[PDB]
Peer 1: 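Sharing a structure below in structure tokens format, with a few things to ask.
Below, all heavy atoms of this structure are taken into account, side chains as well, without hydrogens, waters or symmetry copies. Within every chain, numbering begins at 1; the chains are lettered A, B, ... in the order of the sequence lines, protein sequences first and strands thereafter.
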Amino acid sequence: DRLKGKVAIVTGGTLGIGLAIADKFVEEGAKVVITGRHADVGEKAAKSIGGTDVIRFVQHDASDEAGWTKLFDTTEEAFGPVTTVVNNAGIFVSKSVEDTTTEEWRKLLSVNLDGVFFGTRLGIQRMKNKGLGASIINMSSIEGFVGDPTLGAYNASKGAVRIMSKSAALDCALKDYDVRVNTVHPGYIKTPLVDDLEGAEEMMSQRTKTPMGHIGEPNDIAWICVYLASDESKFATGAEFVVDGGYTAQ
Amino acid sequence: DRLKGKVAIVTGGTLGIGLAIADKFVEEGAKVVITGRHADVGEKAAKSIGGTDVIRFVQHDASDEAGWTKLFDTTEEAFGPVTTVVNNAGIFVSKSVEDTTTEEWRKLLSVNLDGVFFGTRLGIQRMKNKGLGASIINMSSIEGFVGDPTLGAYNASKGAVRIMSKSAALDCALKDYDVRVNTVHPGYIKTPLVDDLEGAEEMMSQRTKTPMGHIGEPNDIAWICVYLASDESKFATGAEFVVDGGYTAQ
Amino acid sequence: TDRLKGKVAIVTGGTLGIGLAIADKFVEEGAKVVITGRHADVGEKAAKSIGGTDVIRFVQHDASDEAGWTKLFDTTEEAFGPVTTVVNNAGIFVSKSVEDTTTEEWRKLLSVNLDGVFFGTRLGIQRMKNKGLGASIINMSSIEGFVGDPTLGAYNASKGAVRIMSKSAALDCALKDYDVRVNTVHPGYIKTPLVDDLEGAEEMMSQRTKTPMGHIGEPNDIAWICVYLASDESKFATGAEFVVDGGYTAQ
Amino acid sequence: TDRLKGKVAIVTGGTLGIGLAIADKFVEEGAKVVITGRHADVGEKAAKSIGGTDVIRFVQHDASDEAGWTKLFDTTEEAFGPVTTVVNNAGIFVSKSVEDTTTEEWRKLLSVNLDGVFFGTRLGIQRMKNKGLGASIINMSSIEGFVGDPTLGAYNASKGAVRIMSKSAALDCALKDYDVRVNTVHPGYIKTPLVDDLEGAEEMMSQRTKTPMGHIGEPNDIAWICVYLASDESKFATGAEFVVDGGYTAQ
Ligand SMILES: [Mg+2]
Ligand SMILES: [Mg+2]
Ligand SMILES: [Mg+2]
Ligand SMILES: [Mg+2]
């Protein structure tokens with residue numbers, strides 16, 4: 001029981017990485033609310049992990065600012081005060097900066113940046129000063145460290161999350177809020193997105209990309225998140241945790 | 001004449017750092033168009049540097065997407081094809097993430113992030129494949145490297161610029177566009193903003209902040225920009241240039 | 001429930017402070033451990049303080065002793081089976097500016113903090129590759145592997161060397177399918193016996209301009225990220241840097 | 001118009017490649033320069049190839065020769081006046097994995113690439129502080145000070161050590177108002193005589209998976225960022241890293 005007593009919100013927790021985070025959190029004794037845009041998918045994902053005594057689904061788009069309040073209230077009414085927020089929801093656009101439409105730019109940033117801001121801001125307000133050993137875990141990427149010529153807007157969003165989380169981490173530390181803020185940086189992981197992009201896994205598995213020569217699995221990200229959520233990581237804040245098969249080491 | 005033949009757009013070039021960039025560019029033989037929101041201020045700034053044969057003002061807000069096209073066309077009609085873009089325009093908000101209003105968040109990001117995207121995207125389209133030795137210089141900050149508890153949105157914007165510029169730099173390199181993209185990261189510089197924030201220069205000059213014990217001057221940033229604009233830096237792309245009196249070294 | 005079932009770890013400088021907590025929690029998680037140290041009385045007592053001889057043993061060794069590393073691996077293998085995990089934690093401190101550093105101080109620090117980490121990494125790769133052990137080499141760097149300190153010149157040099165050299169080793173092992181991962185851990189200020197001996201040290205480290213949390217860490221703070229890195233939980237993490245510093249490097 | 005008026009620079013390993021171009025452009029910008037190298041015939045010829053004895057001179061010196069550094073400063077001061085600029089560019093290459101690195105190779109590389117940079121930095125601070133010279137110490141790191149290379153273990157270690165040790169020295173000088181700045185330059189792949197001797201080297205380095213621009217740089221590419229760092233133009237830049245690598249580290 002490494003997350004005994006923890007109560008977590010995992011955005012985009014109905015598929016891939018987010019689903020695995022939710023799975024392993026529940027396994028380690030946390031109570032979890034997962035969010036998603038699709039109710040049928042979301043309800044099924046929750047039940048695949050456990051009963052309503054340990055996990056619940058809430059239909060929510062991370063860019064829905066007002067919905068964030070409903071998300072915290074619903075999670076609190078179900079499991080008690082929230083202790084853990086994982087801002088994992090996000091979308092992918094494959095365009096160069098040159099080729100990015102303004103509509104694409106705005107759409108992606110509204111989820112990947114504004115959504116994380118909404119979750120972090122409200123997270124700090126609701127969890128500070130309550131002695132919860134609170135932890136906000138913001139999902140960046142290797143794309144928050146290095147550029148990719150075909151991921152301009154994605155790059156922008158992940159670099160923004162990377163540094164904005166440090167700001168939040170320092171404010172919470174300096175004010176003795178008992179809230180930690182950290183970023184996780186996955187490399188290429190086998191997810192529904194990757195499976196659906198023809199040729200993606202093949203390009204990602206090249207040694208010039210991922211030195212291990214294969215892409216990761218959603219559990220690879222889940223376990224580092226269990227670490228950051230647990231009181232094991234009580235001295236870790238404002239830091240970057242990279243799980244990428246060596247992508248950024250070369 | 002280190003910028004002989006260069007033609008530069010400098011956004012927010014009517015005050016502080018941007019004004020100094022424009023000054024030293026003209027000094028080194030470049031033709032310059034500076035932009036600003038205020039016509040009286042802008043016209044006066046241009047004339048303070050030189051005549052219309054070497055520098056001109058164009059009234060423009062960097063978040064005005066359509067205006068970017070007018071900005072390139074006007075600069076080209078005046079001086080010939082643009083070779084250099086310095087995305088320097090930006091605003092400052094002093095709020096923690098916790099305390100940032102959504103209106104403040106959006107306003108700041110629209111200039112500091114969208115504006116830089118607009119300039120970079122159009123810059124690549126207009127300067128690629130023309131053999132101009134083109135250079136796009138995006139103004140980040142030390143705030144693109146480290147957090148500040150009271151600069152949440154600013155942090156987000158500067159981290160976004162930092163990584164998005166790498167994406168643009170790689171795309172241009174891989175496609176042999178003859179366009180380089182780099183970021184400059186000023187520490188604390190004596191600017192109209194700093195002069196106007198009561199107590200700011202004092203806090204900034206603490207040895208725990210800036211190891212040199214004083215803040216910089218706008219020319220400190222101008223000279224690194226002359227370097228990046230010139231063909232001297234033809235092998236430099238996707239890199240970060242920090243001029244900060246030691247702020248990030250500790 | 002043991003997170004380190006079947007692992008066999010060598011922890012250098014494991015008789016005190018951070019090294020001791022690493023060994024403690026490693027044994028707690030089902031690993032067998034050999035700790036090293038320069039002083040036998042302290043070391044043997046340290047081993048017994050954690051558990052029985054069936055799970056933890058002491059070996060007297062200076063990390064700069066190249067020949068001794070072979071004995072360390074052989075002795076550990078003979079007691080517990082093939083080594084799966086190496087933690088290069090041993091190191092010394094010198095408080096001098098670059099300007100004020102004697103060459104004797106420079107060489108002595110580097111021989112332990114750099115050469116010793118090299119010896120352990122190199123031999124670790126040779127001895128653990130291709131055995132399917134889920135092998136993990138954990139090199140102790142520091143916040144001083146990221147940022148300078150005006151009064152820690154040689155220390156900075158050693159910690160930055162470890163930071164990047166580990167990436168080289170991580171890449172070679174990955175590219176060769178060696179089943180060895182290499183990562184660095186970067187502690188901030190931790191309450192250790194060294195810190196306890198320096199009067200006022202903890203107070204200075206706890207200033208918000210230094211450590212934003214306003215207090216320094218504890219050895220267990222480093223132990224738990226090392227358990228993560230040692231476990232198969234982290235099978236996709238290699239060549240990366242793990243910082244646990246109370247916010248020191250975030251500002 | 002000279003950007004380096006009044007400067008007096010020592011450039012180690014300045015008889016070939018990157019070091020030579022640094023010295024060349026330094027003299028072009030009004031500095032007086034002493035270049036060092038291990039071989040006198042090449043070195044004296046290298047000095048004359050740039051300019052007259054009133055602006056550039058050769059001194060035979062191995063950067064790992066600690067005692068020789070004092071002679072280097074004294075000889076340079078006697079010819080041109082107080083030294084204002086030091087470029088620690090000298091270094092050697094070993095192509096071995098960490099696993100395959102002999103300790104002799106490890107020690108030899110580190111003695112030049114690390115110890116030599118230390119000797120120059122330490123003495124540079126002692127000799128140039130408080131003289132109001134606009135002093136600048138420029139330490140040559142590399143892309144290998146940022147990222148690992150599986151076949152460059154010792155090189156990685158040395159270049160990461162230089163990267164962080166320079167920050168320590170930069171901080172101490174800043175905090176003490178020494179009027180000395182310390183910075184690191186990080187070349188990517190550059191067309192140098194070493195590269196020319198390795199058949200196929202340039203071709204491999206020019207692959208887009210390595211250098212995104214699809215070609216490698218030239219020594220002048222490094223010379224011009226060094227001119228910037230040497231000049232009073234960069235009076236607010238210290239403890240920072242300047243990367244000129246054709247995009248190598250951006251991906
Ligand atoms: Mg125990
Ligand atoms: Mg700092
Ligand atoms: Mg010449
Ligand atoms: Mg890379």
Peer 1: Show the nearest heavy-atom pair for residues D/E233 and D/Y228, with the distance to one decimal.
Peer 2: OE1-CD1, 4.0 Å

Peer 1: Decide side-chain contact (heavy atoms from CB on, under 4.5 Å) for C/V147 and B/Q250; before the verdict, give the C-alpha distance in whole Å, the side-chain angles of both, and the deciding distance to 0.1 Å.
Peer 2: CA-CA 5 Å; C/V147 292; B/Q250 59 177 11; 5.5 Å; no

Peer 1: Tell me whether B/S63 contacts the main-chain N or O of B/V111 through its side chain, where contact means a donor paired with an acceptor under 3.5 Å.
Peer 2: no

Peer 1: Look up atom CG in D/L171 and atom CE in B/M212, then write down how far apart they are to the nearest 0.5 Å.
Peer 2: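 Between D/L171 CG and B/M212 CE, I get 10.0 Å after rounding to 0.5 Å.
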
Peer 1: Calculate, to the nearest 0.5 Å, the distance between atoms CG and CG belonging to B/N112 and B/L109 respectively.
Peer 2: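 Interatomic distance, B/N112 CG to B/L109 CG, rounded to 0.5 Å: 7.0 Å.
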
Peer 1: Which residues pass the side chain to side chain contact (heavy atoms under 4.5 Å, CB included) test with C/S95, not counting sequence neighbours?
Peer 2: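 Only C/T151 meet the side chain to side chain contact (heavy atoms under 4.5 Å, CB included) criterion with C/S95.
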
Peer 1: The criterion is side-chain hydrogen bond (donor to acceptor under 3.5 Å, both in side chains); which residues satisfy it with D/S168, sequence neighbours excluded?
Peer 2: none

Peer 1: Would you compute the distance between atom CD1 of D/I125 and atom OG1 of D/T121 and round it to the nearest 0.5 angstrom?
Peer 2: 6.0 Å

Peer 1: Go through the steps for B/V194 and B/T191 under the test side-chain contact (heavy atoms from CB on, under 4.5 Å), then give the verdict.
Peer 2: CA-CA 5 Å; B/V194 178; B/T191 59; 3.4 Å; yes

Peer 1: Should D/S136 and D/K7 count as side-chain neighbours, where that means a heavy-atom distance under 4.5 Å?
Peer 2: no

Peer 1: Considering only heavy atoms from C-beta outward, does the side chain of B/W105 approach that of B/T101 to under 4.5 Å?
Peer 2: no

Peer 1: In chain order, what residues pass the side-chain hydrogen bond (donor to acceptor under 3.5 Å, both in side chains) check against D/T238, with sequence neighbours excluded?
Peer 2: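 Counting only residues at least two positions away or on another chain, D/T238 forms no side-chain hydrogen bond (donor to acceptor under 3.5 Å, both in side chains).
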
Peer 1: Starting from the C-alpha separation in whole Å, work towards a yes-or-no answer on side-chain contact (heavy atoms from CB on, under 4.5 Å) for B/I137 and B/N87.
Peer 2: CA-CA 6 Å; B/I137 301 166; B/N87 287 302; over 6 Å; no

Peer 1: Quick one, B/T102 with A/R121, criterion side-chain contact (heavy atoms from CB on, under 4.5 Å). Give me CA distance, side-chain angles, the key distance, then yes/no.
Peer 2: CA-CA 10 Å; B/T102 300; A/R121 176 182 61 183; 3.1 Å; yes

Peer 1: Contact between A/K175 and B/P149 at the side-chain level, heavy atoms closer than 4.5 Å - yes or no?
Peer 2: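 When only atoms from C-beta onward are counted, B/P149 and A/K175 do not touch, as no gap falls below 4.5 Å.
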
Peer 1: Report the residues that fulfil side chain to side chain contact (heavy atoms under 4.5 Å, CB included) with D/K235, sequence neighbours left out, ordered by chain and then residue number.
Peer 2: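 D/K235 satisfies side chain to side chain contact (heavy atoms under 4.5 Å, CB included) with B/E217, B/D220 only.
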
Peer 1: Can you pull out every salt bridge (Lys or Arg N to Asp or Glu O under 4.0 Å) where at least one residue sits in residues 124-142 of chain D? Sequence neighbours excluded, please.
Peer 2: C/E99-D/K129, D/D74-D/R127, D/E77-D/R127

Peer 1: Considering residues at least two apart in sequence or located in another chain, which fulfil the salt bridge (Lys or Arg N to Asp or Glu O under 4.0 Å) criterion with C/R163?
Peer 2: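 Expected list: C/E241.
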
Peer 1: Looking only at atom types and distance, does a side-chain atom of D/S234 sit under 3.5 Å from a main-chain N or O of D/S231, one as donor and one as acceptor?
Peer 2: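 Yes: the side chain of D/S234 pairs with the backbone of D/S231.
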
Peer 1: May I ask you to test the B/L15-B/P192 pair for a side-chain heavy-atom distance under 4.5 Å?
Peer 2: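 The answer is yes; the side chains approach within 4.5 Å.
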
Peer 1: For C/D245, enumerate each residue passing the salt bridge (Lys or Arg N to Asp or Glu O under 4.0 Å) test, keeping only those at least two apart in sequence or located in another chain.
Peer 2: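 Result, salt bridge (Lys or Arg N to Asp or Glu O under 4.0 Å) vs C/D245: none returned.
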
Peer 1: Can you measure from CD1 (B/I34) to CG (B/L19) and round to the nearest 0.5 angstrom?
Peer 2: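 It comes to 6.5 Å.
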
Peer 1: Between atom CZ of A/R180 and atom CE of A/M127, what is the distance when rounded to the nearest 0.5 Å?
Peer 2: 10.0 Å

Peer 1: Using the ring pair (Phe, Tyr, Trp, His ring centres under 6.0 Å) rule, take D/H186 and D/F146 through it: C-alpha gap first, then chi angles, then the decisive distance, then the call.
Peer 2: CA-CA 8 Å; D/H186 302 252; D/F146 272 79; 4.8 Å; yes

Peer 1: Go through the structure and list residues passing side-chain hydrogen bond (donor to acceptor under 3.5 Å, both in side chains) with B/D99, not counting sequence neighbours.
Peer 2: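 B/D99: side-chain hydrogen bond (donor to acceptor under 3.5 Å, both in side chains) contacts with B/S96.
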
Peer 1: Partners of D/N183 by side-chain hydrogen bond (donor to acceptor under 3.5 Å, both in side chains), sequence neighbours excluded?
Peer 2: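 Scan of D/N183 (side-chain hydrogen bond (donor to acceptor under 3.5 Å, both in side chains), adjacent residues dropped) gives none.
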
Peer 1: Is it true that a side-chain atom of D/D179 and a backbone atom of D/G134 form a donor plus acceptor pair closer than 3.5 Å?
Peer 2: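 Yes; judged by distance alone, with no hydrogens or angles, the pair exists.
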
Peer 1: Could I get the full list of side chain to side chain contact (heavy atoms under 4.5 Å, CB included) partners for B/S165, not counting sequence neighbours?
Peer 2: B/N138, B/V161, B/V181, B/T183

Peer 1: Atom CZ of B/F117 and atom CG of B/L113: how far apart are they, to the nearest 0.5 Å?
Peer 2: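 Reported to 0.5 Å precision, the distance equals 9.0 Å.
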
Peer 1: Got a sec, which residues hit side chain to side chain contact (heavy atoms under 4.5 Å, CB included) with B/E143, two or more places apart in sequence or on another chain?
Peer 2: B/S141, B/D148, B/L151, B/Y154, B/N155, B/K158, B/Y188

Peer 1: By ring pair (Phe, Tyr, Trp, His ring centres under 6.0 Å), which residues pair with A/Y177, not counting sequence neighbours?
Peer 2: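 A/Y177 satisfies ring pair (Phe, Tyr, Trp, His ring centres under 6.0 Å) with no other residue.
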
Peer 1: Under a 4.5 Å cut-off applied to non-hydrogen side-chain atoms, are B/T100 and B/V93 in contact?
Peer 2: no

